[PDB]
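>>> need a structure here:
(one chain, ligands or ions: 1)
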Amino acid sequence: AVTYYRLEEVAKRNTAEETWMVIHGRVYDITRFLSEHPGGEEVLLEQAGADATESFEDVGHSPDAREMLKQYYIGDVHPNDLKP
Ligand code: HEM
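Numbers count the residues shown, from 1 in each chain. Sure, the structure comes next:
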């Protein structure tokens, strides 16, 4: 039973205390990654709660970073929130 979030709840996690992001319709808690993030600490906080999809793809991220993504996954965006 995969879990769901809602953009709204996602959005509440705009801090360093707790960092969430949405990439390709999956939510993540990046909280712990920041320090590891080769491209920056500030870039991500710059988009907490946000759907950085467009952003992360516009910076080109590798398959390796993609794979890294799997460890910070917390769920997917609510279907009803999915934008089709
Ligand atoms: C969990 C989310 C993210 C993960 C796991 C991740 C991972 C990585 C990794 C592994 C690299 C180094 C080389 C590569 O694999 O391409 C990298 C570089 C970088 N990423 Fe991220 N990234 C994430 C989110 C973002 C976002 C949202 C942005 C922009 C808003 C961003 C901007 C950058 C920049 C600027 C660099 C390095 C400088 C450059 O290559 O231009 N990253 N990231």
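>>> show me what residue of the protein gets nearest to the ligand.
The minimum distance from the chain to the ligand, using CB to the nearest ligand atom, falls at residue 39 (1.9 Å). Every C-beta, even on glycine, is put in place using the N, C-alpha and C of the backbone.
>>> residue 17 belongs to a strand?
No - read with DSSP: H, G, I helix; E, B strand; the rest coil, residue 17 is coil and lies in no strand.
>>> so is the residue nearest the centre of the chain in a helix, a strand, or just coil?
The geometric centre of the chain, computed from its C-alpha atoms, lies nearest to residue 21 (CA atoms, centre = their mean), at 2.4 Å. Judged by three-state DSSP, the three-state class of residue 21 is strand.
>>> beta-bridge partners for it, please?
Each beta-bridge partner of residue 21 is listed here, defined by DSSP bridges: residue 28.
>>> contacting residues for it?
For residue 21, the residues meeting the contact criterion (CB atoms under 8 Å, 6 or more residues apart in numbering) are 27, 28, 30, 44, 47, 48, 49, 50, 51, 52.
>>> run a quick neighbour tally on the first one.
A count of neighbours around residue 27, defined by other CB atoms under 10 Å, yields 26.
>>> wait, residue 5 touches residue 82, no?
No - taking CB atoms under 8 Å as the definition, residue 5 is not a contact partner of residue 82, at 11.5 Å.
>>> neighbour count for these two, which is higher?
A side-by-side neighbour count of residue 5 and residue 82, using other CB under 10 Å, places residue 5 first with 19 against 10.
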